[PDB]
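In: The sequence isn't on hand, but the structure is:
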């Protein structure tokens, strides 16, 4: 099978600056009809890949001219002359000259924007969940940049370990930020035995760690 | 101006047969071809096979003759079947179509379906519990308040979350789900709104878990402090 190698795996780029993605095939993609069946797609989070380019350099309908494709034989390139906030996502190349058709491993384009401190929010468990014997506490870090953020859970100032999980959204296509949600899960008994619930946030946009807390049973 | 609609997500037991359908609308002046592609969670894309205009097929040999693509009775409807499944077959499956001008001139992969997640598991489906993430002064930043819903203890993925039946979209963040040690998923969906709107506007999260036929609407009421 034809191996499709994409380079780089991750592409951080400053807004308005050019980006170049390489796609290399283990065999020539030139078919017997004189055409080169090389395509480029963009895939956004939780969405299907969308075609940008076909036949090496042909742009699909609605694709702006900042996008271009070039190459021949085994070496191909996708270029973005001036990267925009909406260009973030995973780019994939594909060959269909040979059977089976094969895709490149993908290149994630990221916007390098100015540092943005996260807005930190905390949510107590609901009475509905408390009735079931479990208590989930949620900490939200909203619209921050860069992606690196440290969340620490504290229950009556005691650092928590092995009872929390978190996930991060993909980079926003409009403001180029990330958001993070972290859930602390305790039994109702442990929850009712403690008073202060805090989430401690460390990020580049913060001069010192920010602690967002609530006292159980304030209202 | 072409639309591809795929059948719903759900479970397939290991060793059993995965079955999906795709309906291709919008081709009128030419015939078309339908390619099938899959994407394991957090991985790349793998081509499965193709069904040509006349009904003949081409399959990826990596699928070891476990695959079948057929034309259904209903106009523009196609079925993909994959036999003897294992955890390696858990993926988002897509159908993709393109114009076929002649055997010597055809496009490929021009228009894609939304993708359907098929999970290979011997476990039963489980609908989620939906809990409010109540706004309070602990979630209220200078004129703006954050609120949400915690969609907990469901299986398999995915779940869809909307706010106010889709009328509320600005400031919404729906997070990737996490897999707990119980083997059940937990997801949160949050929204930032003007805090002055909290006493005059009702906020409801609409949760749909297609694999278990579960639909939950939860009103998110503010705390007093």
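Out: Here it is on my side, so go on. Numbers count the residues shown, from 1 in each chain, chains lettered A, B, ... in the order given.
In: going forward, measure contacts between C-alpha atoms and count neighbours the same way
Out: Noted.
In: need the helices for chain A, in chain order.
Out: Applying DSSP state H to chain A gives helices spanning A:127-130, A:188-193.
In: bridging residues for the nearest residue to residue A:183 once chain neighbours are set aside?
Out: Nearest non-adjacent residue to residue A:183, counting by CA to CA, 6 or more residues apart in numbering or on different chains: residue A:138, 4.6 Å away. Under DSSP bridges, the beta-bridge partners of residue A:138 are residue A:123, residue A:183.
In: who touches residue A:138 in this structure?
Out: The contact partners of residue A:138, taken as CA atoms under 8 Å, 6 or more residues apart in numbering or on different chains, are A:122-125, A:181-184, B:133.
In: hmm, 6 Å instead?
Out: Shown in contact with residue A:138 (CA atoms under 6 Å, 6 or more residues apart in numbering or on different chains): A:122-123, A:182-183.
In: Ok, residue B:113 next?
Out: Shown in contact with residue B:113 (CA under 6 Å, 6+ apart): B:4-5, B:94-95.
In: State the helix or strand in which the spatially closest residue to it that is not a sequence neighbour lies.
Out: Nearest non-adjacent residue to residue B:113, counting by CA to CA, 6+ apart: residue B:4, 4.5 Å away. Secondary structure from DSSP states H and E places residue B:4 in strand B:3-6.
In: Return the list of helices and strands in contact with that strand.
Out: strand B:18-25 (3 or more CA pairs under 6 Å, 6 or more residues apart in numbering or on different chains; DSSP states H and E).
In: quick one: strands adjacent to the strand it packs on?
Out: Using DSSP bridges, the strands paired with strand B:18-25 are strand B:3-6 (antiparallel), strand B:77-82 (antiparallel).
In: got TSV for those, with mean neighbour count too?
Out: Listed next are those as TSV, based on neighbours: other CA atoms under 10 Å in any protein chain shown:
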stretch	mean neighbour count
strand B:3-6	18
strand B:77-82	18
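In: Close to chain B: what parts of chain A are there?
Out: Those residues of chain A that sit near chain B, judged by CA under 6 Å from any CA of the partner chain, are A:48, A:100, A:105, A:121-123, A:167, A:169.
In: Of those residues, just say which sits nearest to residue A:114.
Out: Closest to residue A:114 out of the residues of chain A next to chain B is residue A:169 (18.1 Å), distances taken as CA to CA.
In: Got the domain ranges for chain A?
Out: Here the domain assignment for chain A is A:1-112, A:113-219, based on curated CATH domains.
In: The shortest one: how far from the chain's middle?
Out: Which is domain A:113-219. Using CA atoms, centre = their mean, to the nearest Å, the mean C-alpha position of domain A:113-219 is found 19 Å from that of the whole chain.
In: If we ignore the residues flanking it in sequence, what's nearest residue 96?
Out: Went with chain A since none was named. Spatial nearest neighbour of residue A:96, excluding adjacent residues (CA to CA, 6+ apart): residue A:37 at 5.4 Å.
In: if you could check chain B rather than the one you did, that'd help
Out: residue B:112 (4.2 Å).
In: Would you mind listing what in chain B touches chain A?
Out: Near chain A, when you scan chain B using CA under 6 Å from any CA, you find B:44, B:60, B:114, B:133, B:138-139, B:175-176.
In: got a winner among those for most neighbours?
Out: For the residues of chain B next to chain A, the largest neighbour count, defined by other CA atoms under 10 Å in any protein chain shown, is 27 neighbours, found at residue B:133.
In: So out of everything in chain A, what residue is nearest chain B?
Out: residue A:121 (4.5 Å; CA to the nearest CA).
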